[PDB]
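Only one chain is included here, represented as structure tokens and corresponding to the form deposited in one PDB entry.
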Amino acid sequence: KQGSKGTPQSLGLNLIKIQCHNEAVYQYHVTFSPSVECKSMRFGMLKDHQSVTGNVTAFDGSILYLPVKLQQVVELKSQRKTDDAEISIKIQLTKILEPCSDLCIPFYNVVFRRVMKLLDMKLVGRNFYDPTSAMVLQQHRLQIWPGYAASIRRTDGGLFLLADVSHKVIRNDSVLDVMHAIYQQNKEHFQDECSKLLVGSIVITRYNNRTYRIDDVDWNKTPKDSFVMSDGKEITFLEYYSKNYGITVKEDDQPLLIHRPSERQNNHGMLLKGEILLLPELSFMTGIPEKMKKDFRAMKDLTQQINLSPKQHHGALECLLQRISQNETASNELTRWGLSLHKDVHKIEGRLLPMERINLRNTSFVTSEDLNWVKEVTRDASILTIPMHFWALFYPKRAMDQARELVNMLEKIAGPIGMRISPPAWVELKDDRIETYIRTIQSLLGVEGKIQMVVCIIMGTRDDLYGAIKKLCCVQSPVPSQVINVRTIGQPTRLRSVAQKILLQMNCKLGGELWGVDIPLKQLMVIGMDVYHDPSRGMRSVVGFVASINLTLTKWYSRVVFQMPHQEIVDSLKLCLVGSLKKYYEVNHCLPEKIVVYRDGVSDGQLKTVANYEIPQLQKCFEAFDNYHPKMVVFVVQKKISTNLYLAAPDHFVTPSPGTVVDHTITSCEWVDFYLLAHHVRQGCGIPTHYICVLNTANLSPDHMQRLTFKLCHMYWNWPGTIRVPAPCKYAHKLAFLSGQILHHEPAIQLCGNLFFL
């Protein structure tokens, strides 16, 4: 998986190397003579006989881990506390793991959680926060405190502790006080305000530091009401709180906040009843206040808090390590199992891939250090330009003059790019209702029949009109369309740049080709998949598919597939692949020898399925092409990763440069894979992208796959410069977003020959 083709570079990570002292992780199968109910009794039974095992036992009910080898067979006797039964317990050795074996990993995490809790850091969700850090803002009685997202991973270099910084925001005023203020300002209605602010928001109880999301609020129950506890007694809420925590609810006329189930609860709602009725007096809302959210000045300071340069990130990690080292009990807790952290974050060596060359018609230039070429694209002719001679400009009356300059500005910049433009057909609208827009566009589209593009200027910021326009111009009446918001063309001194960007976007939509990059693999075909998940819900997830259909990767064939269940995804993707190969044969008169797939939108949990089931199913489709066996290469791209790279400058840890590749000591232990940071980072730490090769029948050397990925990162035409993921994946993401969000339908097959989805 490791290759070298570029200058070495010294990086550091947010990984602290863990060191194991013994090789003694012995697994034992523990069996009890009678069927023993409840794991607590079993754990106590094992506890009383600790003289045999010791006191470093990690026990979960069936498998017992020890750092010391017992006898081959161990038999012990004990007595039950309830039935006074004679329990003969057996301990038998199962296997001798190495200290880092991917199976003794999920209790090192338990030990670490115990350590962090021993540092007096509260557990909220899955993070460790420090209430003894009260940097207040006192604008809405707010409090921010910092914590860490920490875990113990293992990679092909060994064991590591992955640590990241985070911050939690909590109000000082209780829920009761804020609803009292709400009702204080108004009096007629306290439904809308209190219900909207509370329902859907997440609160925290400080007597146990536990978070609950509040499904509803009822003005119908009081502490005098009661609930059945442990099926033993119907006790009042006041008495239950007093007994468990000894706190008094002062004023009893309040609502109760209902969090009815936690619906999932692992497999399902075995504890279906749920029905949590939290008090409002002892709850505190969590989040950034919306009134604060709208206010810019308040948001500025909090943004300064959240955003950290790599130096501050490294300093926070150093502080955590020093805190762990100082507390002797935490160190003893870690070293009971033989583990011992290092004194600084692990320092690694990556390399910087060579810079690519970008080609335009009659010219070529080597990409600069910062990987951005915005000026050259707008200053020289593109590979292929489509002249517009018949296009319409729809504009409302109030924007009339504001439209004119745009057209004028589009007549001064089309020269350098080599694109030829004629004056449009101006269309002034009687009114701004969406019905008028759709009628006028439909009328010209139906009558003229020669329009090559429709440019619509929207006056007010409303999305329904945009959706209607796109539904008309991409589903019902296929013709490429551009939508311009009047604010963007409202100010001079930015009209030239936006005009150039818009013109390049229209040229791409018409079937143009801006720039290209050298490709060393002959007869290559490149594919990109991506998925879209509805934030609203409705649970229809759309998968977009984009495949190159020429030898320079300047033409694309685009398809989209709609399906909620997983039955039809694979065969619809097979249909898409067959259509793509047929189009490739038609254009080139030969089928591709090598096919590279860049799959995205796959979480870790399904990474095992996609490798084992879906890819052979797709490969089965080549059997309808008369003995045609290509050489496939399939990747899996993960954007959301929690690993940070800091380039080690002579003095402090700085942001790493673009084009950094890492394949050492941090990658997955079973796949071939590598981390690649390609885009130019300006705000924060450099988060790379993880590429996992789940199939390689072409026997491509690692250098070649990395080079091909970096080259494909240069071919996204909506942004001059390198992007995070390969261009086909971003194209698929945009296509899926447009089809699932705006159109609620699949675009007409007439438009799938160009990049209409820009």
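The first residue of the sequence shown is number 1, and the count goes up from there. If you superpose the two forms and keep the largest set of C-alpha atoms that fall within 1.5 Å, you have the rigid core.
A second form of this protein, the form deposited in another entry, is not displayed here; the remarks below concern that form.
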| note | Candidates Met121, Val377, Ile348, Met506; compared between this form and the one not shown on the rigid core, the one with a C-alpha shift of 2 angstroms or more is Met121
| said: Using the rigid core as the reference frame, would you say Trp145 shifts its C-alpha by 2 Å or more between this form and the one not shown? | reply: yes
| Rigid-core frame, C-alpha of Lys243, shift of 2 angstroms or more between this form and the one not shown | yes
| C-alpha of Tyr212: shift of 2 angstroms or more between this form and the one not shown, rigid core aligned? | yes
